[PDB]
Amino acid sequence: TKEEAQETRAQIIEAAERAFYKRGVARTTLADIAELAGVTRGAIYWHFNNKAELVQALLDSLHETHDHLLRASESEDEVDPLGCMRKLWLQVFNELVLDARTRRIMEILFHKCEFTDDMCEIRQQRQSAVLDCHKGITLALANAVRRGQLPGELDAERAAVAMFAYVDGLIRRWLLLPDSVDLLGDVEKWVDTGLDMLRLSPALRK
């Protein structure tokens, strides 16, 4: 049955989040996740080959809320690629602080997920996700340069690395020390600080 299968996969993913958040990925097994989800008869193995597929599902689930702002910032036909990128990072930070699911998937991926040789797909799939995002940020920065919103001589690739590094570090800083960063109250200041680096730093120019 169609709906029941998606029914069950969502139960498993939701239970996987609870299990990974409590006990970490390394020591959690699929059998333990099936126990939390209330699924039996090997159902979990029909939806996932291994834990890495479950981790990838959680990582893929983050790309959904922002799909439209990603598309807009990457499109050559977009009139305001820089403004759309600003709206994107504003949404990324807002969802992190406001959404329990997002914050806790990211906490799982960043602080409860080990890169090991017996589970090499986790690091490899993290490399691919970061690389994919870098391509998107680089392309959106190149659209802003062409629109006259960023320096004509900007090194879009290095500026994409710089922006990602800043956003990445800020998120992890808020996850580790929520009290230290009023990410929600000053979200615009935090987004503009990184954008300002791309706009003004002479080091980021070719």
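For every residue, the number given is its place in the sequence shown, counted from 1.
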query	finding
Residue stretch of maximal mean CA temperature factor, 33-41 vs 168-176	33-41
Stretch with the greater mean C-alpha B-factor as recorded in the entry, comparing 157-165 against 56-64	56-64
Which of 113, 105, 119, 129 ranks first by CA B-factor in the deposited coordinates	119
Top residue by Cα temperature factor, when 79, 97, 90, 109 are compared in the entry	79
Within-chain third of residue 69 by Cα B-factor, per the entry	highest
Modelled-residue ranking by C-alpha temperature factor, third containing residue 181	highest
Modelled-residue ranking by C-alpha temperature factor, third containing residue 138	lowest
For residue 13, the third of its chain into which the C-alpha B factor falls	lowest
